[PDB]
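Going down the list, the protein sequences come from chains A and B. Final position of the first sequence in the deposited numbering is 306; the numbers increase by one with none missing. Final position of the second sequence in the deposited numbering is 306; the numbers increase by one with none missing. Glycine is no exception: its CB is placed at the ideal position from the N, C-alpha and C atoms. Have a look at the structure below, then the notes.
Protein chains: 2
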Amino acid sequence: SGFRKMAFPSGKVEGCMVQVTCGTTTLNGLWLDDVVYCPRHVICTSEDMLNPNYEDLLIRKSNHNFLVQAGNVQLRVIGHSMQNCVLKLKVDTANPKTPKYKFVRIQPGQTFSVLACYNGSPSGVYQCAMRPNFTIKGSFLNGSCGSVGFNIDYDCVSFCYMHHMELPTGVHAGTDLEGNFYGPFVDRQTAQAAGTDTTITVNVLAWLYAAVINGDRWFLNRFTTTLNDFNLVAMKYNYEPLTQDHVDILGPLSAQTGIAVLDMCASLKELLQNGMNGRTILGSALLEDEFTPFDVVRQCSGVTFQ
Amino acid sequence: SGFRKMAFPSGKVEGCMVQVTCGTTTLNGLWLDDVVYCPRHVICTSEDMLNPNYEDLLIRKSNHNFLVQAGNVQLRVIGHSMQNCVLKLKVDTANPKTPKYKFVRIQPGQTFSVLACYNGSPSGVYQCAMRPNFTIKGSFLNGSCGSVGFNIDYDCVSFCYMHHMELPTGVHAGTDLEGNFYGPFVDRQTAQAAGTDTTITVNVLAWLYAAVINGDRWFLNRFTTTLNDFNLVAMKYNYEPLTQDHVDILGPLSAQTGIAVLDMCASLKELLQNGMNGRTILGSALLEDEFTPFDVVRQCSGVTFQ
Ligand SMILES: CC(=O)Nc1ccc(C#N)cc1C(F)(F)F
Ligand SMILES: [Cl-]
Ligand SMILES: [Cl-]
Ligand code: NA
Ligand code: NA
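So this is what it looks like as structure tokens:
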């Protein structure tokens, strides 16, 4: 029994983290095969950061301008180039600890594990969701840039996030591992803000199913609803629209618990309109939206990553 | 910025998890140097649940009755002994992945990371606290016994928990790595029940200091309290007594934020009286008690916001 916000085991990614120094800046890199990936803003001064021309800044750098430490051994950079907002540093040695991996770009609402790192040293691991407004509600201090986010699907690590910056409201923005930002952000010191966020409806439903599976049933009721009717309610409460694909994805949980998705939607409608009346669900007084349907199924079945 | 339930990177522990099989029972073991640690109830049969005599069960076993598998490799068991409620299986290979480590018994309120495992392979990592009633609120399915909890200081893994059983309320009980249970529990299926649980007051105060550090002051007030008056109030809400030890422990966070410990106690008193009135603290609508003072200092900046 029990339900906890759970990260993937981080060992396979820990073996890939390195320290990258350029000038006075140190941050983290991801060492896979013979390339180290890190944010291209590592090459900027604070003045550069105000309006950078990254190609122009890069051409003045030599391979030897990039100090890369894997643990306590230096890595020899032998080439350098950019792909979108990530710098690719070719090194003379393949990482012997490279896991089976892919670069994937995730959708808003999808979750992933973040391995927060400082000076190439992993320091903590936690679970995030890509918010509808394309930020993540992370926990990052100075020096964490280049920390990565990932899922594990078999023995394959799917890298999906590189940390780049913190927005004024304290949430975070980054890229996929091909250097494409999530969200309407740029790697420049200029006025930027998170857009208004919304709640991930299909994930809240997943968590309600998790709650039922764990014996928390007080919010269940006799009523059901329709998609159109429910989506009117969702829109009024700044919840994302629930689509038919969402319903299909929740199918397994509906069959296992005996609560059809629109049956559960009626529970959620009543919770939105009336609150929780002093009660909690899985120990929370808020409706939790950073568990995907897959997260709930995985944690409520015991899937492992040897 | 940000504040998350953050676990330690699990890779150092991942490299120690093995599968231990005895008869029809399979569970997890912890392989350090040439010893595999696991719950002694692995030797119990279906008749042995209520009043096992472990000395009598164990003396009937030979080294080759224990099957230990590390990844795809069988390890050879060359010795076995019982220490309290853990079995120590001596094997013919030192684990080449053994980290720097120690065994430490923790006190209620202390936090640690759990690497949930099944069949010797890690599933997920999350953060737990030893409750005042010596249980933990984990996420554990059948086959998770022998999963461990740990902290990592620098590069040294401190193992502090081994998972043994789930109590009827769905909370979890286990031992330190010397096999001594936390709390009054025993490895028998005789009826036993967790004591009423209480809130870890010093941790709530730590977390309120975290909120101030990340820039939230809305819950402070102009008042203070004596330590004894605080405790008289807080225990009416099922909060643990706050000791002078706890007040001393909070000194650093008090100095960093400029809010005296007993002034923060006054804020807590008001929060218990008033609730949050539709507001949140660090993203929660409930007061959080599974962050220790040490956790807050490790995760938060050293510079308080405003
Ligand atoms: C002071 C400053 O330049 N802040 C800043 C702003 C945006 C981005 C991006 N992307 C990165 C930074 C940096 F410097 F913290 F790396
Ligand atoms: Cl302790
Ligand atoms: Cl909450
Ligand atoms: Na219903
Ligand atoms: Na293993």
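Within 10 angstroms of the Cβ of residue i, are there 16 or more other Cβ atoms? Answer buried if so, exposed if not.
{"i": "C145 of chain A", "result": "buried"}
{"i": "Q74 of chain A", "result": "exposed"}
{"i": "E55 of chain B", "result": "exposed"}
{"i": "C156 of chain B", "result": "exposed"}
{"i": "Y182 of chain B", "result": "buried"}
{"i": "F103 of chain A", "result": "exposed"}
{"i": "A255 of chain A", "result": "exposed"}
{"i": "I43 of chain A", "result": "buried"}
{"i": "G174 of chain A", "result": "buried"}
{"i": "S301 of chain B", "result": "exposed"}
{"i": "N238 of chain A", "result": "exposed"}
{"i": "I59 of chain B", "result": "exposed"}
{"i": "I78 of chain B", "result": "exposed"}
{"i": "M165 of chain A", "result": "buried"}
{"i": "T225 of chain B", "result": "buried"}
{"i": "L253 of chain B", "result": "buried"}
{"i": "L50 of chain B", "result": "exposed"}
With distances taken from CA atoms, which of the options is nearest residue i?
{"i": "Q69 of chain B", "options": "B:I78, B:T21, B:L50, B:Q107", "result": "B:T21"}
{"i": "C16 of chain A", "options": "A:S284, A:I136, A:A7, A:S121", "result": "A:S121"}
{"i": "residue 318 of chain A", "options": "A:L67, A:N228, A:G71", "result": "What the structure shows of chain A is the stretch from 1 to 306, and residue 318 of chain A is not part of that stretch, so it cannot be assessed."}
{"i": "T93 of chain A", "options": "A:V35, A:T190, A:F223, A:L271", "result": "A:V35"}
{"i": "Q299 of chain A", "options": "B:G11, B:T226, B:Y126, B:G179", "result": "B:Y126"}
{"i": "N151 of chain B", "options": "A:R131, A:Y154, A:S123, A:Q110", "result": "A:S123"}
{"i": "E14 of chain A", "options": "A:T226, A:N119, A:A234", "result": "A:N119"}
{"i": "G109 of chain B", "options": "B:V297, B:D289, B:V303", "result": "B:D289"}
{"i": "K88 of chain B", "options": "B:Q107, B:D33, B:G71", "result": "B:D33"}
{"i": "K90 of chain A", "options": "A:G258, A:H64, A:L253, A:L141", "result": "A:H64"}
{"i": "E240 of chain A", "options": "A:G258, A:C265, A:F219, A:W218", "result": "A:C265"}
{"i": "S158 of chain B", "options": "B:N142, B:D176, B:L141, B:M165", "result": "B:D176"}
{"i": "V86 of chain A", "options": "A:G143, A:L220, A:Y161", "result": "A:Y161"}
{"i": "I136 of chain B", "options": "B:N28, B:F185, B:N53, B:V233", "result": "B:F185"}
{"i": "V296 of chain A", "options": "A:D263, A:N274, A:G251", "result": "A:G251"}
Rounded to whole angstroms, what's the CA-CA distance from residue i to residue j? Just pull it up for me.
{"i": "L286 of chain B", "j": "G278 of chain B", "result": "11 Å"}
{"i": "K97 of chain B", "j": "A194 of chain B", "result": "37 Å"}
{"i": "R76 of chain A", "j": "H172 of chain A", "result": "31 Å"}
{"i": "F112 of chain B", "j": "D197 of chain A", "result": "32 Å"}
{"i": "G138 of chain B", "j": "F3 of chain A", "result": "7 Å"}
{"i": "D216 of chain B", "j": "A210 of chain B", "result": "9 Å"}
{"i": "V204 of chain B", "j": "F291 of chain B", "result": "7 Å"}
{"i": "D48 of chain B", "j": "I249 of chain B", "result": "45 Å"}
{"i": "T24 of chain A", "j": "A7 of chain B", "result": "30 Å"}
{"i": "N231 of chain B", "j": "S267 of chain B", "result": "13 Å"}
{"i": "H163 of chain A", "j": "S46 of chain B", "result": "51 Å"}
{"i": "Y154 of chain A", "j": "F305 of chain A", "result": "6 Å"}
{"i": "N84 of chain A", "j": "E178 of chain A", "result": "7 Å"}
{"i": "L208 of chain A", "j": "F223 of chain A", "result": "16 Å"}
{"i": "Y37 of chain B", "j": "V114 of chain A", "result": "30 Å"}
{"i": "residue 319 of chain A", "j": "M82 of chain B", "result": "Outside the shown range of chain A (1 to 306) lies residue 319 of chain A, about which nothing can therefore be said."}
{"i": "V148 of chain B", "j": "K61 of chain A", "result": "47 Å"}
{"i": "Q192 of chain A", "j": "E270 of chain B", "result": "37 Å"}
{"i": "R131 of chain B", "j": "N95 of chain A", "result": "42 Å"}
{"i": "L167 of chain A", "j": "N214 of chain B", "result": "14 Å"}
{"i": "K12 of chain A", "j": "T169 of chain A", "result": "32 Å"}
{"i": "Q189 of chain B", "j": "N142 of chain A", "result": "50 Å"}
{"i": "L30 of chain A", "j": "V303 of chain A", "result": "26 Å"}
{"i": "residue 308 of chain B", "j": "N53 of chain A", "result": "This structure leaves residue 308 of chain B out entirely; chain B is present only between 1 and 306."}
{"i": "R40 of chain B", "j": "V18 of chain B", "result": "15 Å"}
{"i": "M276 of chain A", "j": "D187 of chain B", "result": "38 Å"}
{"i": "residue 308 of chain A", "j": "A116 of chain B", "result": "Outside the modelled stretch of chain A, which goes from 1 to 306, sits residue 308 of chain A, for which no answer is possible."}
Using a cut-off of 9 Å between C-beta atoms, extract the partners of residue i located in chain A.
{"i": "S301 of chain B", "result": "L141, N142"}
{"i": "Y118 of chain B", "result": "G302, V303, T304"}
Report the neighbours of residue i on chain A: residues whose CB is nearer than 7 Å to its CB, in chain order.
{"i": "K88 of chain B", "result": "The premise fails here: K88 of chain B is roughly 24 Å from chain A at the closest Cβ pair, so nothing lies under 7 Å."}
{"i": "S1 of chain B", "result": "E166, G170"}
Anything in chain B within Cβ reach of residue i, meaning under 9 Å, just list it in chain order.
{"i": "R4 of chain A", "result": "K5, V114, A116, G124, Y126, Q127, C128, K137, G138, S139"}
By the criterion of Cβ-Cβ separation under 8 Å, what are the contact partners of residue i in chain B?
{"i": "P9 of chain A", "result": "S10, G11, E14, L115, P122, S123, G124, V125"}
Could you list which residues in chain A have their beta carbon closer than 8 Å to that of residue i, in chain order?
{"i": "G71 of chain B", "result": "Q306"}
Members of the segment 284-296 of chain B that neighbour chain A once the beta carbon cut-off is set at 9 Å: Those residues of the segment 284-296 of chain B that come within reach of chain A (Cβ to Cβ, closer than 9 Å) are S284, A285, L286.
Note down, in chain order, all residues in the segment 132-146 of chain A with a beta-carbon under 7 Å from any beta-carbon belonging to chain B. Those residues of the segment 132-146 of chain A that come within reach of chain B (Cβ to Cβ, closer than 7 Å) are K137, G138, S139, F140, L141.
Which residues, taken in chain order from the segment 100-112 of chain A, show a beta carbon closer than 8 Å to some beta carbon of chain B? Correct list: empty, as no residue qualifies.
Taking Cβ-Cβ distances below 9 Å as the criterion, which residues of the segment 198-225 of chain A are in contact with chain B? If the cut-off is 9 Å between Cβ atoms, the segment 198-225 of chain A has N214, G215 near chain B.
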